[PDB]
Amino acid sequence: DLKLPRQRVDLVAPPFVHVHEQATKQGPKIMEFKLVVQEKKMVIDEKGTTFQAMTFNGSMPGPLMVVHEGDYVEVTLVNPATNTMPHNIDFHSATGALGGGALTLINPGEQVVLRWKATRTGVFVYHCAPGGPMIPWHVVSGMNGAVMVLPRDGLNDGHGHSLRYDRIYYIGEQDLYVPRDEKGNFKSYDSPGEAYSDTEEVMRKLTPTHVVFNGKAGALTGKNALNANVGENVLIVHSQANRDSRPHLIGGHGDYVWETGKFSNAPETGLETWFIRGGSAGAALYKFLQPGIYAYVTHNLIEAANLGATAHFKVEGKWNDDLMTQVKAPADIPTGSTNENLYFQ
């Protein structure tokens, strides 16, 4: 007997986001989304390591859902008969029944329809959580995404000023636990079930083998770099359903950062590095001031450079020599420079 208008949303693969309004004058709606569970082998690194992944909608992360405060979110969760395990969904945005997990457990060949009222603003994790040890294993197998619940008036700076983004990207970070053989090579498996025992042993020691954005090392570099232009205000939503992260935009800042990810809280200003606690989503606005390549990392630089957790932005525009300039290009060290007379010698 919820007599509200219904609006179907077509989800898009991360790091892109389905079309939505920021500020709206539309009243509350039943926002209809479909998530289809896909268990499949995926490539996770640049050497071609494969992985028995479990996904919402075939991606790591699952897609970003966007609704407004006071909307109702009606999610059809589908578990195709080609899958081997039960699945469900827990929305950190939702109230009751373990986030909906206690209402969405489906076997292969089943679907279920959950509605939750979007009473809490912010970016939130959603993840599979079937029970017991299956909870971490489904989540670190890739079954996690995020949902953004925007204020109807859109974002503000917590000091009565509207904030509008020109562009939005969703960065889902995934810790992966890939078994190795005696020789230190990553092991391949024919099913998630066959990988489980060896994978739980790696999981137990809490140290990922891979930490990736958008499902694989290099996913958001080279050809798949994130585009932007000088002057654009870009919202960067970052989620980590299992493990902490410390995002940093190399050559940039977080102009406005909700590191705990909830828009009822004023953002922090001018951050270098922020913190996404495992089990949450956060968000950072930045207005690009300079063109060129930016690397977006977790600033555990070992994770960023050696375990997969670097994305790139390619920003078009004119260089601003006032903000930064190379005064003198690399040149031989004079004489007659008196390095040798310095304090620390």
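Numbering starts at 1 and runs along the sequence shown.
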Check: Looking at the deposited entry, does 77-85 or 207-215 carry the larger mean Cα B-factor?
Finding: 77-85
Check: Going by the B-factors listed in the PDB entry, is the mean over the C-alpha atoms higher for 34-42 or for 300-308?
Finding: 34-42
Item checked: Options 173, 201, 259, 182 - largest CA temperature factor per the record -> 182
Checklist line | B-factor third for the C-alpha atom of residue 246 within its chain | finding: lowest
Notebook entry, point to check: Among the chain's modelled residues, which third holds the C-alpha B-factor of residue 157?
Noted result: highest
Check: Among the modelled residues of its chain, does the C-alpha B-factor of residue 272 lie in the lowest, middle or highest third?
Finding: lowest
Check: residue 68's Cα B-factor: lowest, middle or highest third of the chain?
Finding: middle
Next item on the list: Consider only the C-alpha atoms of the modelled residues in this chain, order them by B-factor as the entry records it, and name the third containing residue 90: lowest, middle or highest.
Entry: middle
